[PDB]
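Q: Shown below is the structure under consideration.
Heads up, the Cβs are rebuilt from the backbone with ideal geometry, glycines too, and the neighbour counts pull from every protein chain shown. Read-outs throughout are calculated quantities, based only on the coordinates presented, and are distinct from any laboratory measurement.
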Amino acid sequence: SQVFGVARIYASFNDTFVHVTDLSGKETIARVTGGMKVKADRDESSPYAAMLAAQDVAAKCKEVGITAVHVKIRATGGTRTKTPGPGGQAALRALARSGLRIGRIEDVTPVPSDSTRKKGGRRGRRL
Amino acid sequence: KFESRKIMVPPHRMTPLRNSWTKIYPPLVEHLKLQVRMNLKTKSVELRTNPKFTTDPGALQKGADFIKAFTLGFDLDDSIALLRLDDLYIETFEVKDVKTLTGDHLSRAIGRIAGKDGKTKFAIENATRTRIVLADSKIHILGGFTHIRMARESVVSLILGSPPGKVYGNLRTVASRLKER
Amino acid sequence: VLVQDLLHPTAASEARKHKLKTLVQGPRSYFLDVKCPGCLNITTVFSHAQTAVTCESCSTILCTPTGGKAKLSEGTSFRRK
Amino acid sequence: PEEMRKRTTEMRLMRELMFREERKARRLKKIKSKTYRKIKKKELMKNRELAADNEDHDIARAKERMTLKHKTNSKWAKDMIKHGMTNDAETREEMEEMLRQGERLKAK
Amino acid sequence: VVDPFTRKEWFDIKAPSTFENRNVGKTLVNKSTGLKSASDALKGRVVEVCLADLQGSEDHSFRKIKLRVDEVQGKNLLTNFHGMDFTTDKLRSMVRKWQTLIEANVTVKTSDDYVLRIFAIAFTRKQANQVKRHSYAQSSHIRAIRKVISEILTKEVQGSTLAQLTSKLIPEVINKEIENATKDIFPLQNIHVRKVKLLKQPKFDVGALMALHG
RNA sequence: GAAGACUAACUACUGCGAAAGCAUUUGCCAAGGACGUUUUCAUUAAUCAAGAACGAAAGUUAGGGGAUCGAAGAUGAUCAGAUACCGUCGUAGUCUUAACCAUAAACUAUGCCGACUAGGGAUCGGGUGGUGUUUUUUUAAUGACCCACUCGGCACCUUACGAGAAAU
RNA sequence: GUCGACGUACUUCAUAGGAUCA
Ligand SMILES: [Mg+2]
Ligand SMILES: [Mg+2]
Ligand SMILES: [Mg+2]
Ligand SMILES: [Mg+2]
Ligand SMILES: [Mg+2]
Ligand SMILES: [Mg+2]
Ligand SMILES: [Mg+2]
Ligand SMILES: [Mg+2]
């Protein structure tokens with residue numbers, strides 16, 4: 001009946017990658033970033049850029065055979081933030097509003113059983 | 001086109017869910033054409049779009065965003081604002097994700113973010129048109145993308161050490177250059 | 001009641017205080033007398049034992065040590081001395 | 001019965017009320033920082049006055065004249081004055097506060 | 001200059017015997033050229049299926065399964081069992097304040113000699129007239145529970161091959177055995193096994209694999 | 001797959017240690033406080049110039065290791081404002097064995113031992129009591145809770161009869 | 001050498017508070 005693929009949404013400060021692969025993970029069918037869809041560098045990570053990214057991927061994969069996706073959304077993780085920002089959820093919203101069928105949303109950020117140092121020093125990084 | 005979500009409920013927000021349920025299932029059912037069901041035998045809300053009634057494909061994720069924003073700690077009306085508009089996102093971060101603090105230092109950091117009688121928190125919300133809930137250490141911000149980057153930059157300038165008077169002053173400057181645009 | 005006699009405290013009061021803090025201090029254990037079923041003869045056993053007291057003739061066990069009062073083995077009869 | 005389960009949920013909610021209040025009071029007990037305690041005392045005296053007989057005043061004046069406790073022959077004040085330490089205006093704030101409190105008592 | 005989805009050919013992943021919905025889904029390879037035949041490019045993939053979508057259930061909405069492709073025949077490719085896991089959101093929602101967390105693992109070799117390492121989690125609970133609010137254990141209980149859990153996992157793995165262990169993991173029998181054998185020590189809600197992962201697959205033995213989908 | 005650090009959530013400034021400090025499992029080694037005691041010795045004690053053991057982080061000597069972060073250094077930008085003064089590579093270090101060094105807001109800005117002085121609710125450890133609840137084996141018995149008590153800890157509330165100029 | 005670290009000697013900066021009246 002249906003054909004399923006996975007949509008991996010990396011949602012960093014400074015981009016959002018919408019990847020769509022198979023179940024297996026290896027073969028990829030559609031990568032777009034957010035950076036391909038706005039040529040201003042202000043706002044590679046802006047929600048609007050993410051929306052355009054996701055619409056392009058949904059179109060391209062609908063032109064293959066693939067009608068439903070499970071989504072795996074992740075922030076940077078590691079020793080940085082661990083929760084998807086706005087770029088990932090804008091991509092998710094604009095992916096559900098696309099005629100794809102979505103099942104089984106989850107969230108796989110890498111989370112350490114405590115790990116190495118964090119960039120920045122004794123006084124914290126960003127302000 | 002029959003489709004679902006299911007989102008879990010942590011226990012400190014399970015009393016206010018079964019305490020404000022009466023205002024939640026209506027603007028999920030008629031206005032959205034969406035079929036709620038709350039499981040208790042796994043403590044979780046479940047939603048399903050039924051193929052007959054529904055029109056907007058974004059209804060299912062609209063409702064899931066609404067309930068989840070109620071889950072993270074935001075009051076009912078604010079989550080309703082997440083249900084209505086199309087420009088509302090949440091950004092969550094920590095206190096150990098800016099500067100590694102622990103011991104008493106961390107409880108004093110939350111004291112500077114929250115201010116006495118909530119004042120400092122409210123100032124950041126009122127001059128940025130966002131809504132902040134400040135959990136154990138994790139801090140959650142609701143608004144539109146540019147506004148939450150303004151409020152994130154003030155909160156992070158408060159974690160790292162800057163006093164609160166400086167952030168009122170810089171906040172009202174931000175309010176000036178926000179309200180004109 | 002700020003005159004209840006320190007020289008005559010009611011036995012409930014002296015019964016709940018620590019053993020070193022009653023008016024004239026004294027022990028709170030007792031010696032209890034024990035018969036194992038198999039023999040007839042009896043032996044005296046401290047209530048708070050620290051040695052597993054083998055019966056004398058039918059030499060098995062009568063009590064096991066605990067952190068406090070001894071745990072009497074269930075196949076036993078006893079009478080407080 | 002089942003009314004026991006009602007009793008247990010009542011004692012549960014009392015215990016967690018007790019624990020939240022005790023956690024708050026611990027964290028506040030550690031903050032000694034004389035501006036923070038000074039602010040809390042100021043707005044307390046304001047709320048005390050808003051929200052919430054001569055004989056008590058005459059006993060208080062009598063004890064104050066018997067004792068003369070609020071003049072600069074006291075150990076703290078004579079220490080501060082005699083070692084030029086009250087020219088800094090904060091400890092002069094404190095010393096004047098002592099003196100006016102004593103002057104409130106001696107008024108008739 | 002390519003448009004790569006002109007040449008890739010779909011295949012379909014079939015679950016093993018010990019599951020209800022044996023069909024799983026499709027996957028892409030490349031066309032089977034001479035000089036890089038396709039079949040030698042399928043034979044190591046692992047696939048993640050959430051076993052609700054593999055057993056029709058819905059209280060199995062956590063517990064992803066990893067299935068590994070090992071054989072291929074005529075646009076069917078037959079799989080195996082690679083490991084099992086929880087979804088990270090259930091696991092984040094069990095772990096709460098004012099209670100203690102007991103965890104245990106073990107390394108164990110099965111009947112068919114698959115060496116595998118298997119995890120286990122458990123949490124204490126407030127017995128239903130407890131008033132005091134936390135109920136931690138006393139850490140000389142926790143070593144008793146850890147030893148009990150480890151003895152039961154060791155015993156109950158290696159009296160089974162792999163298929164039997166798999167179908168002792170689906171109806172969650174190990175949970176009930178842990179629960180019964182560990183309630184004179186301490187109350188202990190929420191027992192699970194939360195992970196199992198292979199470390200040494202022995203040697204191929206086509207007979208077992210084609211005995212599953214036989 | 002390799003490597004070297006680190007032990008998140010649970011996690012409570014509650015627990016332990018003379019302090020510095022200590023958070024994955026399992027075993028081995030030796031040690032420790034409190035409790036219980038109708039055991040034992042019988043003043044063996046308290047505080048201590050000299051003298052001695054230990055003493056975070058940084059730092060030196062000689063080997064090992066060198067993943068991450070990174071004093072110095074080198075470079076990119078120096079775009080009104082920097083409000084939003086940083087990017088990139090990184091030697092020493094960070095880790096460890098054997099010797100050095102002997103300092104911290106080493107904090108309770110508070111010497112140690114002994115006595116007395118008030119009311120309460122909680123929590124950690126030990127003990128005593130209970131025809132209380134569950135864990136039933138089939139009724140026990142432990143274990144887990146509940147209630148009362150008691151010794152010994154870390155803290156909290158309310159009042160002083162008291163103390164202070166006041167915070168307390 | 002209008003040199004540094006000390007050791008002596010000295011100088012200087014921080015004083016008004018309440019009440020009534022205008
Ligand atoms: Mg000396
Ligand atoms: Mg050192
Ligand atoms: Mg070093
Ligand atoms: Mg070296
Ligand atoms: Mg670097
Ligand atoms: Mg030394
Ligand atoms: Mg310290
Ligand atoms: Mg010193």
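Q: Averaged over peptide A:63-72, how many Cβ atoms belonging to another chain are found within 10 Å of each residue's Cβ? Walk me through the numbers before you get to the answer.
A: Numbers: counts 1, 3, 4, 2, 0, 2, 0, 4, 0, 1.
Neighbouring Cβ atoms belonging to other protein chains average 2 per residue here.
Q: Related question: Using only helices, what value at 222 nm comes out for the protein assembly as shown when you add -39,500 (n - 2.57) per DSSP H run of length 4 or more and divide by the total residues, to the nearest 500 deg cm²/dmol?
A: Taken over the protein assembly as shown, the calculation gives -10500 deg cm²/dmol.
Q: If you don't mind, another one. What would the Debye formula give as log10 I(q)/I(0) at q = 0.10, 0.15, 0.20, 0.22 Å⁻¹ for the alpha-carbon point model of chain D, no solvent?
A: So the normalised log intensities are -0.58, -0.92, -1.15, -1.19.
Q: Let me ask something else about it. Within a 10 angstrom radius of the beta carbon, how do B:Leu178, C:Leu6 rank from fewest other beta carbons to most?
A: In increasing order of surrounding Cβ atoms, one gets C:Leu6, B:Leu178.
Q: Which ordering of B:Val29, E:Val49 is given by a fewest-first count of other beta-carbon atoms within 10 Å? Write down the numbers at each step before the final one.
A: Values: B:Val29 14, E:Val49 23.
Least to most surrounded, the residues fall as B:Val29, E:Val49.
Q: To continue, here is another question. What's the center-to-center distance, using Cα atoms, between the stretch A:62-85 and the stretch C:12-69 in Å?
A: Each part reduced to its Cα centre gives a spacing of 71 Å.
Q: Still on this structure: Show me, for the stretch E:121-127, the HN-Hα J-couplings you get by feeding each phi into the Karplus relation (A = 6.51, B = -1.76, C = 1.60, θ = phi - 60°), rounded to Hz, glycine and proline as x.
A: So the Karplus estimates, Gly and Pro as x, are 9, 6, 9, 7, 8, 8, 5 Hz.
Q: Can you give me the angle between helix A:86-96 and the longest principal axis of chain A, using Cα atoms only, in degrees from 0 to 90, rounded to the nearest 10?
A: With rounding to tens, the tilt is 10 degrees.
Q: OK, next. Identify all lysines with a Cα-Cα distance to B:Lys96 below 17 Å; exclude those on the same chain that are fewer than 8 residues away in sequence.
A: Within reach: A:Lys82, A:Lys118, A:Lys119, B:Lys138.
Q: Rounded to two decimals, what is the ratio between the C-alpha radius of gyration of chain B and 2.2 N^0.38 Å? Numbers along the way, then the final one.
A: Details: Rg = 18.5 Å, N = 181, 2.2 N^0.38 = 15.9 Å.
For chain B, the normalised Cα radius of gyration comes out at 1.16.
Q: Across 20 Å bins from 0, what is the distribution of all Cα-Cα pair distances for the protein assembly as shown, in whole percents?
A: Going from the shortest bin to the longest, the percentages are 12, 34, 29, 18, 7, 1.
Q: Treating the beta-carbon of each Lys and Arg as +1 and of each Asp and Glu as -1, no other charges, what is the dipole magnitude of chain B about its Cα centre, to the nearest 20 debye? It would help to have the intermediate numbers written out before the result.
A: On the way: 32 positive and 19 negative charges, 29 e Å.
Computed charge dipole of chain B: roughly 140 debye.
Q: Test of understanding: ordering E:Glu48, B:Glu94, D:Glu93 by Cβ neighbours within 10 Å, fewest first, what list do you get?
A: In order of increasing Cβ crowding within 10 Å: D:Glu93, B:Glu94, E:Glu48.
Q: Residue by residue through the stretch E:151-164, which ³J(HN,Hα) values in whole Hz follow from phi under the Karplus form 6.51 cos²θ - 1.76 cosθ + 1.60 (θ = phi - 60°), with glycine and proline marked x?
A: Once rounded to whole Hz, the list reads 5, 6, 5, 4, 5, 8, 5, 7, x, 7, 8, 9, 4, 5.
Q: Show me D:76-88, C:61-73, A:77-89 ranked by packing, highest mean number of other Cβ atoms within 10 Å first. Numbers along the way, then the final one.
A: Working: D:76-88: 12.7, C:61-73: 14.8, A:77-89: 21.3.
Answer by packing, highest mean first, reads A:77-89, C:61-73, D:76-88.
Q: Averaged across E:45-52, how many Cβ atoms of other chains sit within 10 Å of each residue's Cβ atom? Don't skip to the end; give the middle numbers.
A: Working: counts 6, 4, 4, 8, 4, 4, 0, 1.
That works out to 4 on average.
Q: I would also like to ask the following. Cross-link list E:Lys66/E:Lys109; E:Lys66/E:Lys200; B:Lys23/B:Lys52: which exceed 22 angstrom alpha carbon to alpha carbon? Numbers along the way, then the final one.
A: Values: E:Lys66/E:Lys109 19 Å; E:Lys66/E:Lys200 16 Å; B:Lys23/B:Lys52 24 Å.
Over 22 Å apart, Cα to Cα: B:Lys23/B:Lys52.
Q: Further question on the same structure: Separation of the stretch E:1-65 and the stretch E:121-144 by C-alpha centroid, Å?
A: Value for the Cα centre distance between the two parts: 44 Å.
Q: Each residue of the stretch D:12-29 in order: what ³J(HN,Hα) in whole Hz does its phi give by Karplus 6.51 cos²θ - 1.76 cosθ + 1.60, θ = phi - 60°, with x for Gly and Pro?
A: Each residue's phi maps through the Karplus curve to give 5, 6, 4, 5, 6, 4, 4, 6, 5, 5, 5, 5, 4, 6, 5, 4, 6, 5 Hz.
Q: Explain nothing, just the number: dipole magnitude of chain E about its Cα centre with +1 on each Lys and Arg Cβ and -1 on each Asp and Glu Cβ, in debye rounded to the nearest 20.
A: 820 debye
Q: Which whole number gives the average count of other chain Cβ atoms within 10 Å of the Cβ atoms across peptide A:85-95?
A: Average neighbour count from other chains, rounded to a whole number: 4.
Q: With only alpha-carbon atoms in the gyration tensor, what are the semi-axes of the equivalent ellipsoid for the stretch E:6-214, in Å, largest first?
A: 39, 18, 14
Q: What is the magnitude of the charge dipole of the protein assembly as shown about its Cα centre, with +1 placed on the Cβ of each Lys and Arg, -1 on the Cβ of each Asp and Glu, and no other charges, expressed in debye to the nearest 20?
A: Magnitude of the dipole: close to 2280 debye.
Q: A follow-up question, please. If amide hydrogens are placed 1.01 Å from N in the peptide plane, which non-local residues have theirs closer than 5 Å to the one on C:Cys63?
A: Placed amide hydrogens put C:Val53, C:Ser73 under 5 Å from C:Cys63.
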